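The chain below stands alone and is given as structure tokens, in the form deposited in one PDB entry.
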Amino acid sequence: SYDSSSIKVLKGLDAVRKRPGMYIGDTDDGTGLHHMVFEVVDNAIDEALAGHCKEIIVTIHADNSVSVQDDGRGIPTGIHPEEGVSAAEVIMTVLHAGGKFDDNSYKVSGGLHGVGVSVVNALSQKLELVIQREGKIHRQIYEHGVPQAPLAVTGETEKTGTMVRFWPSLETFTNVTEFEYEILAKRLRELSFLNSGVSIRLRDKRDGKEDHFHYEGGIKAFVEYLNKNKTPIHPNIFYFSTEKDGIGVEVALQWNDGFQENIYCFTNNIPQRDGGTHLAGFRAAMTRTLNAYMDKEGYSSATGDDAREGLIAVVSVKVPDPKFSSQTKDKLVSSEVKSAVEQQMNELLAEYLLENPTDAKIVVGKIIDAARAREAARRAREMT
């Protein structure tokens, strides 16, 4: 019988355990598992974006838990008047709850849904929260998202910060159940390039391995690092950072003598593996600007794909309220970011080409060469 009794409302964090795919992604291949860490790291990076955190420590513990310590402002501890429990507990236990729904606590933040750490909490067999704030140390333990006692003061400190340690639930995660140093290291290295002046440490207590990421030079250096085992064909990396019409657009790029295209897109320091409106705007401006230059200089027909070949590019945007298609934020679905990136690229790339004639002539040569190889491949196919 299909009737009112058949309709069920999931409460608290039950929806997260029931439908983990829409909150954490794939619970079998390891991507969801490492995403648990990235949610916690993203919250610390948001304190760094806000100007309050200068050191982040990620530790893989020997019992297969992970901790993230930050020296930010600390998760608020006072009783939330509407909810009747510490703000920290609200945050850990309530979906669509947080401090990122306006721009008062974080001007710009990767976080926006009020969901991330509460998902981590929901899918962890245990979670330990330690908060240093207003002279005091606060502690609380959760099991499968259920707080064991209310947040309590345990001592004094001159410091501020948040430490979250979590033990993932094997009732949720299957197959890849251990953390992979290199997966975490890739992301943290990236975050160092994206956050100059923030010390990011990674420690593996299983084997004693550690890294300290504090790169100089931001996304321009990131482009160098990425071309390190390749052969750049021109010496001057194109770079700019602007803030126009409420949107930050930062781009670095350089061509190498290979044939792959590697464009890394980020929104508020969160990578979009599946691209989005920022990537679309970058592509459109690149195609237009190179075409105009080749027309004006009398080198002209090469398409957007020919420009792509040998390209390494980083596109980092800063947006007050971006729009992602999912909690995992693999794709940016914000049309106004396409226009901002496209506009800034069109203006500044055209200027780069004019100020750097040697590089410009090399890049044109490369585009023409890619076009020549494409047409030869096509002729060869047709003839078989």
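All residue numbers refer to positions in the sequence shown, first residue = 1. By rigid core we mean the largest C-alpha set that fits within 1.5 Å across both forms.
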Problem - Third-or-more of other entries without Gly135 - result: no
Handout entry: Across other compared entries, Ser301 missing in at least a third
Key = yes
Practice task
Check the entry and tell me how many residues of the deposited sequence have no coordinates between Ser300 and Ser301: none, 1 to 3, 4 to 9, or 10 or more.
Solution key: 4 to 9
Fill in the blank from the handout: Stretch with higher mean Cα temperature factor, 31 to 39 vs 318 to 326, is 318 to 326
Completion exercise
Of 61 to 69 vs 47 to 55, the stretch with the larger average CA B-factor in the entry is 47 to 55
Practice task
Go through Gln132, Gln254, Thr172, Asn268 one by one and give the residue whose Cα B-factor in the PDB entry is largest.
Solution key: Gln132
Handout entry: Residue with highest C-alpha B-factor in the PDB entry, from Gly99, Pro168, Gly258, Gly116
Key = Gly258
Fill in the blank from the handout: Quick tally, chain-level thirds of C-alpha B-factors: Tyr181 sits in the lowest
Problem - Chain-wide C-alpha B factor ranking for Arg187, given as lowest, middle or highest third - result: lowest
Fill in the blank from the handout: Split the chain's modelled residues into thirds by Cα B-factor; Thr289 lands in the middle
Handout entry: Chain-wide C-alpha B factor ranking for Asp245, given as lowest, middle or highest third
Key = highest
Exercise for the section: Within this chain's modelled residues, let me know which third the CA B factor of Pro147 belongs to: lowest, middle or highest. Expected result: highest
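Not on display, but discussed next: the form deposited in another entry.
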Handout entry: Only residue that shifts (Cα, 2 Å or more, rigid core superposed) between the shown form and the other one, among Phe179, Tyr142, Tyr293, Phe166
Key = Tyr293
Practice task
Taking the rigid core as the superposition reference, indicate whether the CA of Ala62 shifts 2 angstroms or more between the shown form and the other one.
Solution key: no
Problem - Rigid core superposed: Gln344 CA moves 2 Å or more between the shown form and the other one - result: yes
Exercise for the section: Taking the rigid core as the superposition reference, indicate whether the CA of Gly275 shifts 2 angstroms or more between the shown form and the other one. Expected result: yes
